[PDB]
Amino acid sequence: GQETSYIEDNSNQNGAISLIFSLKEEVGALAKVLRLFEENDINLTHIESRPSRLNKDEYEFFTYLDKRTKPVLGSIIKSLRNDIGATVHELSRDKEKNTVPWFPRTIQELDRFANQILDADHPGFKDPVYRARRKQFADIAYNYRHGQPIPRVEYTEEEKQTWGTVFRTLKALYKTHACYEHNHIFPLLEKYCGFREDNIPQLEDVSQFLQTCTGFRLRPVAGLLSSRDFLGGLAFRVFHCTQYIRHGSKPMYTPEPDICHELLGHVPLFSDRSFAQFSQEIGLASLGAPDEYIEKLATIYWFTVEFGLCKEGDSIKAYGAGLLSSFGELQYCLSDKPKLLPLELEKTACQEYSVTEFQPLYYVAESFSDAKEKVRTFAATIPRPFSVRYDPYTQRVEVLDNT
């Protein structure tokens, strides 16, 4: 009711259904389970069995199925539960009765809904060339697949000039308004990723560098994804970021995120361990979270990763990416005009806001470490039949039952 940053998720044509369950290895168990699936008309390359990462005598099952297996899924869950004997969690993309809202278990699974994106006013609406250029970048995202190197695009001088206009202003403002963490990493991005005022950095280059710092990686997205999907990606330390640039007509404005917003507002901080851990915690807390809490986390995300203020000693600087890529509001947030409140997730989670520039209120975080722990705690209050944790080694979410 005030145009928020919370985008409710859809469902494709087939949607997505995944069954989470572990099976203790007892002679024939593995075969009975696969036989169970085999029997009910299900391709067994959609069922994956792996050793349990928690219990040395169990197998964990991953099922890449969709809505087309719905009819015989009830039977299978029943059998698994009653006959075979296994605690089963049904993850559904259409989050219905008794089903936990779907979420990727493996980083690769981020491919599933990555292409689930959402003009008249938009600068560039009457620009054929721009519209085509946007098609090009959208194509790259749509065609993108996890693991692949992000395709490089040669930016035109015009675009580079737009970049520079935004770059120049912000750089000449980070020292006095940006948090230590941002100002700490930026010089390196300039030195190593081609972050210059006469050059738009290639997403592949930035992704490599990010990984090298925090394991974070980039994924080119065509447009805005549902909060569930964007937040979810953070659990795998994956950042869905645009590659296109705003229209040159108004370099100082974007009614949507763009390469300028991702590279100068988000990327720098994702290179910091504490910050990386913080944002990932928000992603992990969203995994399978009910719509209500996704919006809450989306709101929380908004007042932290996007428009957050960090308290450094006796002063307050900005770390919110929405601030660090918007000179105007970047100066405004540190002025004496905005209302400031300490970060307190229960109140922040229900905070009323609008997407319009120049937020009237900002939340101040003690540190990234404090907020991370702050989110960990808020997460514990989110209705979920289990808890989650990321495994950097296998790049797979490990679902542990509530602690």
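Note that residue numbering begins at 1 and tracks the sequence as displayed.
In the deposited entry, the stretch joining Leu118 to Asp119 is interrupted by 4 to 9 residues of the deposited sequence lacking coordinates. Averaged over CA atoms, B-factors in the entry run higher in 92-100 than in the other of 234-242 and 92-100.
Taking the PDB entry as given, 176-184 carries the higher mean Cα B factor of the two stretches 205-213 and 176-184. Taking the deposited Cα B-factors for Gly283, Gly124, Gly147, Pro257, the highest one is held by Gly124. In the deposited coordinates, the residue among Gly313, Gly308, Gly164, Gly194 with the greatest CA B-factor is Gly313. Among all modelled residues in its chain, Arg134 ranks in the middle third by Cα B-factor. When all modelled residues of the chain are sorted by CA temperature factor, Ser22 is found within the middle third. Per-chain ranking of the deposited C-alpha B factor places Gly28 in the highest third. In the deposited entry, the Cα temperature factor of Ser79 sits in the top third of values across the chain's modelled residues.
In the PDB entry, a CA B factor belonging to the middle third of its chain's modelled residues is recorded for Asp370.
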